[PDB]
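A.B. asks: experimental structure and sequence below, a few questions after.
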Amino acid sequence: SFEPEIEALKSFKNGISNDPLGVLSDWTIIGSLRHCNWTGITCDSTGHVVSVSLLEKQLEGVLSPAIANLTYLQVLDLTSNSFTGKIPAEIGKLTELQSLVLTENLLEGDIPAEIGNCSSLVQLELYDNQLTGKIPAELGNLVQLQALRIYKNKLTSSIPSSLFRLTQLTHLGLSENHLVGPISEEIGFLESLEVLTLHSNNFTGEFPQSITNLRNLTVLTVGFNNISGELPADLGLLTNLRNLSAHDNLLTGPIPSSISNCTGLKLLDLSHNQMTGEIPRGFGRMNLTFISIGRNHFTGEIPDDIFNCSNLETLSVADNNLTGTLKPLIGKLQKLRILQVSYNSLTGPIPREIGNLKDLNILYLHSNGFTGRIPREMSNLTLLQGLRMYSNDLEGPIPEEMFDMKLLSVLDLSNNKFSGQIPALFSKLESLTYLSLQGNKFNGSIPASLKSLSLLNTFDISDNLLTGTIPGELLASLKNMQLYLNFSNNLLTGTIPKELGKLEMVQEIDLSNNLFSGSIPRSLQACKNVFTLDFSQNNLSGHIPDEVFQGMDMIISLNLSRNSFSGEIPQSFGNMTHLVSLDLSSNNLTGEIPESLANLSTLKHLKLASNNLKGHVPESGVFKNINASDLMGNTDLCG
Ligand SMILES: *[C@@H]1O[C@H](CO)[C@@H](O)[C@H](O)[C@H]1NC(C)=O
Ligand SMILES: *[C@@H]1O[C@H](CO)[C@@H](O)[C@H](O)[C@H]1NC(C)=O
Ligand SMILES: *[C@@H]1O[C@H](CO)[C@@H](O)[C@H](O)[C@H]1NC(C)=O
Ligand SMILES: *[C@@H]1O[C@H](CO)[C@@H](O)[C@H](O)[C@H]1NC(C)=O
Ligand SMILES: *[C@@H]1O[C@H](CO)[C@@H](O)[C@H](O)[C@H]1NC(C)=O
Ligand SMILES: [Zn+2]
Ligand SMILES: [Zn+2]
Ligand SMILES: [Zn+2]
Ligand SMILES: [Zn+2]
C-alpha cells in the first residue's frame, strides 16, 4: 500500500483525456495516502488496491498499461464508458484478476493472447467493442472461467477448440461477430453451460448434435447462420431450456417429438428454415410465449394441444404446407397479440371464437382457403391494427359491426368473392393507411362518404364491377397520399376529376381499363412525385398536355395505349430523364416523332404501333435495338 500503486493509478488518471462528470477530480482533492477512499477505488484489509470501479462515468481516452502495476487488483470495472485504443498485453501479468471488465467501449485491435496468463480470471467481459482478430486459443488456459462474454465485436476466424476445455463455463456469448467455421461437437464438454448465444455470425457445418449433453442449458440462440443439418432427437433431455432460437438457418428434418419433455420452454424460434415433418404435440404443456415456426416446409394439421398454453402471445406458422381448419379452440388463448397463419392451405370458416382474443393486434390469414363469411364477432378485436385476408374464398356481406374498430390501421380484403356494393360504413375507420378491396365482385358506384379516411396511402379498388364516376371530394380528401392508387379494370365512366391534381406525393396512379371519356386534365401537373402513370384502355381523347408532363419528370413508366388520343407527341418527353418504358400504341397521333426520344439513355421500351405518324425515324438511342412490331404500323415512315 505504498508509492508504486499510487503512481500506477495516477498514471491511469493520465491518458484519460476527458472527464465531464469530474470523477477523477475526487482523487486529487482527498490526498495521496488516502487513495483507498477515492471514488471507485477500494482497497483490501492490508491497504493494497483490489478494485477500480468506474462505470458510466463517461470517461474518454486510452487504457493505460500502468494498470499492470496494481498486482493485488482483483476486479477492473469500466462498464459503459468511452475507453478507446486497445487492450494492453501487460494486463496478463495481473495475477489477481478475478473478474475483468471492459464492456460497452471503443476498444479496437485484437484480443491479446496474454489474457491466458490470468490464472484467476473467472469473468471476462469484452462485449460491445471494436475488437477484431481471431479468438486467442490462450483463453483455454483460464480454467476458472465461468462467464465469457466477448460478443458484439468484429472477431473473426473459427472457434478455437481450447474453449471447450473451460469446464466451469455457465455463460458463453459469441454472438454478433464475424466468426466462421463449424460449431464443434465439443460443446458437449462444457457440461456446466447455462447460456449459449451464437446468433448473428457466419457459422456453417452440421448442427452440434451433442448439445443434448449440457442439461443446465436454458438459453440457446444461433439465429442468422448458415448452420445446416437436423435438430437432435432426445431434445427432451434438457428440461431447462427457456429460449431456443435457430431461425434463418439451413436446418432440415422435423421438429423432434422429444421436445414434448422440455417443460420450461417459453420461446421457440425455428423460422426461415427447411424443416419438414408434421408439428408435434406437447406444446400444451409448455407455458410458452412466442412460437415462430414459419417459412418452413411443415405439413399436417395445426395440433389442438397447442391451444392449451393460455400465455401464448405470438403465433407464427405462415409460409408452410399446413392443411386443416383453424379450429374454434383458438378461442382459448386470450393473451394472443399476433397471429400469422398466412400462406398455407387451411380450409374451413373463420370461427366466431376469434372475437375472444381481445388484446389481439395483428390478424394475418391471407393466401389460404378460408371459406364462409367474416363473423361479426370480429368487431370485438378492438386492439386490432392489422387485418389481412386476401387470396381467400371469403364471401358475402361485410358485417356492419366490423366498422366499429376505430383503432384498425391496415385492411387487405382483395382477391376474394365479396359481392355487393362498397359500404359507406367504411367511413367509420378514419384511421386506415392501407385499403385493398381489389380482385372482387364489388358493384355499384364509388361512395363519396369515403372522403372521411384522409390518412390513406394506398387505395386499391381495381379489378371490380365499379360503375359510376369518381367523386371529386373523395379524391380531394386524399391530399397527401404517399404511395398507390388503383381504380383500374372497372366500369367507371365520366371524366378524370380536376381533384386528381390535389394528389401530390403519390407514386403510382392507375385508372386503366375503364370508360373514361374526357381529355387528361392539366390539373394533375402538380404531381411531380409520380413514378408510374397508367391511363391505358380508355375512351380518352384530345391532345396530350405537354404542360402536364412538363411537371411530371419522375415518370418511370407511362402507359397511354388504346385511346382516341390525337395530336403530336410532346417534346417534354425528351427532358424526361428517369423515363424507362413508354406506351402510346393504338391512337390517333398525327405527329412527326420527336428527335428527343432518340438520345435517351435510361429509355428502353417504346411502343407506337397503330398510329398515323410521318417523317424520318430517329437512330441514335433506343432505336438501335428497337423492334419492328413496336413501329408497325405507322402507315409511312422513311428510315
Ligand atoms: C446445474 O444447475 C444446478 C441448478 O442451478 C446446480 O445445482 C448444479 O450445480 C449444476 N450442475 C453442474 C454439473 O454444473
Ligand atoms: C428469452 O425469452 C424471453 C421471452 O420469452 C425474452 O424476454 C428474452 O429476451 C429472451 N432471451 C434472449 C435474448 O435470448
Ligand atoms: C408461465 O409463463 C409466464 C411467462 O413466462 C409466466 O408469467 C407464468 O408465471 C408462468 N407459469 C409458471 C409455471 O410459473
Ligand atoms: C392495378 O390493379 C390491377 C388489378 O388487376 C393490377 O393487375 C395492375 O397490375 C395494377 N397496376 C399497376 C401497374 O400497378
Ligand atoms: C398498357 O396497357 C395496355 C392496356 O391496358 C396493355 O395491353 C399493355 O400491355 C400495356 N403496355 C405495356 C407494355 O405495359
Ligand atoms: Zn443477443
Ligand atoms: Zn435471433
Ligand atoms: Zn404475409
Ligand atoms: Zn393549349
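C.D. replies: Structure received. Residues are numbered from 1 along each chain as shown. Ligands and ions are numbered 1, 2, ... in the order given.

A.B. asks: Provide a list of residues in contact with the nearest residue to residue 514 once chain neighbours are set aside.
C.D. replies: Among residues not flanking residue 514 along the chain, residue 492 sits closest, at 4.3 Å (C-beta to C-beta, 6 or more residues apart in numbering). Any C-beta I mention is one placed from the backbone N, CA and C, and that applies to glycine too. Applying C-beta atoms under 8 Å, 6 or more residues apart in numbering, one finds that residue 492 lies in contact with 446, 466-470, 511, 514-516.

A.B. asks: tell me what residue 588 is bridged to.
C.D. replies: Going by DSSP bridges, residue 588 is paired in beta bridges with residue 566.

A.B. asks: near ligand 2, which residues of the chain? Just list them.
C.D. replies: Proximity of the chain to ligand 2, by C-beta under 6 Å from any ligand atom, involves residues 219, 221, 243, 266-267, 289.

A.B. asks: and these, which of them are in strands?
C.D. replies: Among the residues of the chain next to ligand 2, DSSP state E puts 219, 221, 243, 267 in strands.

A.B. asks: how close does residue 25 get to residue 594?
C.D. replies: 75 Å (C-beta to C-beta, to the nearest Å).

A.B. asks: er, residue 268 I mean
C.D. replies: Per C-beta to C-beta, residue 268 is found 62 Å from residue 594.

A.B. asks: and residue 572, that's in a helix?
C.D. replies: Yes: judged by DSSP: H, G, I helix; E, B strand; the rest coil, residue 572 forms part of a helix.

A.B. asks: how close does it sit to residue 580?
C.D. replies: Distance from residue 572 to residue 580, by C-beta to C-beta: 16 Å.

A.B. asks: neighbour count for these two, which is higher?
C.D. replies: The residue with more neighbours, out of residue 572 and residue 580, is residue 572; 19 against 16, by other C-beta atoms under 10 Å.

A.B. asks: ok, so of the ones in strands among the residues of the chain next to ligand 2, who is nearest residue 414?
C.D. replies: When those are compared for distance to residue 414 (C-beta to C-beta), residue 267 wins out at 33.7 Å.

A.B. asks: returning to that earlier point: kindly reformat the ones in strands among the residues of the chain next to ligand 2 as JSON lines containing distance to residue 236 and neighbour count.
C.D. replies: Output for those, formatted as JSON lines (distance: C-beta to C-beta, whole Å; neighbours: other C-beta atoms under 10 Å):
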{"residue": "219", "distance to residue 236": "17", "neighbour count": "19"}
{"residue": "221", "distance to residue 236": "20", "neighbour count": "20"}
{"residue": "243", "distance to residue 236": "16", "neighbour count": "20"}
{"residue": "267", "distance to residue 236": "17", "neighbour count": "18"}
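
A.B. asks: now the strands for the stretch 151-300 of the chain?
C.D. replies: Assigned by DSSP state E, counting those that start in this stretch, the stretch 151-300 of the chain shows strands spanning 171-173, 195-197, 219-221, 228-230, 243-245, 250-252, 267-269, 290-292.

A.B. asks: quick one: list the elements packing against the fifth one.
C.D. replies: Identification of packing neighbours for strand 243-245 by 3 or more C-beta pairs under 8 Å, 6 or more residues apart in numbering; DSSP states H and E yields strand 219-221, strand 267-269.

A.B. asks: change it to 10 Å
C.D. replies: Packing partners of strand 243-245 (3 or more C-beta pairs under 10 Å, 6 or more residues apart in numbering; DSSP states H and E): strand 195-197, strand 219-221, strand 267-269, strand 290-292.

A.B. asks: the stretch 101-250 of the chain: helices as residue ranges?
C.D. replies: For the stretch 101-250 of the chain, applying DSSP state H, counting those that start in this stretch gives no helices.

A.B. asks: in it, which residue sits closest to ligand 2?
C.D. replies: residue 243 (3.7 Å; C-beta to the nearest ligand atom).

A.B. asks: picking that back up, of all the ones in strands among the residues of the chain next to ligand 2, which comes closest to ligand 7?
C.D. replies: Taking C-beta to the ion as the measure, residue 221 is the one of those closest to ligand 7, at 5.4 Å.

A.B. asks: what's near enough to touch residue 382?
C.D. replies: Residue 382 makes contact with 358-360, 404-408, according to C-beta atoms under 10 Å, 6 or more residues apart in numbering.

A.B. asks: just the buried residues out of these, in ChimeraX syntax.
C.D. replies: Only the buried members of the contacts of residue 382 end up in this ChimeraX selection, burial being decided by 16 or more other C-beta atoms under 10 Å:
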select :360,405,408
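
A.B. asks: mind telling me the two of the contacts of residue 382 farthest from one another?
C.D. replies: 359 and 404 (17.0 Å).

A.B. asks: got the residues of the protein near ligand 7?
C.D. replies: 199, 223, 245 (C-beta under 5 Å from the ion).

A.B. asks: so the first one touches residue 225, yeah?
C.D. replies: Yes: checked against C-beta atoms under 10 Å, the pair residue 199 and residue 225 is within contact range at 7.2 Å.

A.B. asks: which neighbours do these two share?
C.D. replies: Common neighbours of residue 199 and residue 225 (C-beta under 10 Å, 6+ apart) are 175, 246-249.

A.B. asks: of those residues, grab the buried ones for ChimeraX.
C.D. replies: This is the ChimeraX syntax for the buried subset of those, where burial follows 16+ other C-beta under 10 Å:
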select :175,246,247,248,249
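
A.B. asks: restrict the shared contacts of residue 199 and residue 225 to those near ligand 1?
C.D. replies: Counting by C-beta under 6 Å from any ligand atom, nothing from the shared contacts of residue 199 and residue 225 sits close to ligand 1.

A.B. asks: from ligand 3, how far out is the residue of the stretch 351-500 of the chain found nearest ligand 5?
C.D. replies: Proximity of the stretch 351-500 of the chain to ligand 5 (C-beta to the nearest ligand atom) peaks at residue 488, 7.9 Å away. From residue 488 across to ligand 3, the span is 49 Å (C-beta to the nearest ligand atom, to the nearest Å).

A.B. asks: one more: residue 495?
C.D. replies: Residue 495 sits at a distance of 60 Å from ligand 3 (criterion: C-beta to the nearest ligand atom).

A.B. asks: so who does residue 23 touch?
C.D. replies: 13, 16, 38-40, 54, 56-59.

A.B. asks: check residue 347 too.
C.D. replies: 323-326, 368-371, 393.

A.B. asks: would CSV of those residues with distance to residue 305, neighbour count and secondary structure be doable?
C.D. replies: Listed next are the contacts of residue 347 as CSV, based on distance: C-beta to C-beta, whole Å; neighbours: other C-beta atoms under 10 Å; DSSP: H, G, I helix; E, B strand; the rest coil:
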residue, distance to residue 305, neighbour count, secondary structure
323, 17, 15, coil
324, 14, 14, coil
325, 16, 14, strand
326, 15, 22, coil
368, 22, 23, coil
369, 24, 15, coil
370, 23, 23, coil
371, 26, 14, coil
393, 28, 13, coil
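
A.B. asks: perfect, that will be all.
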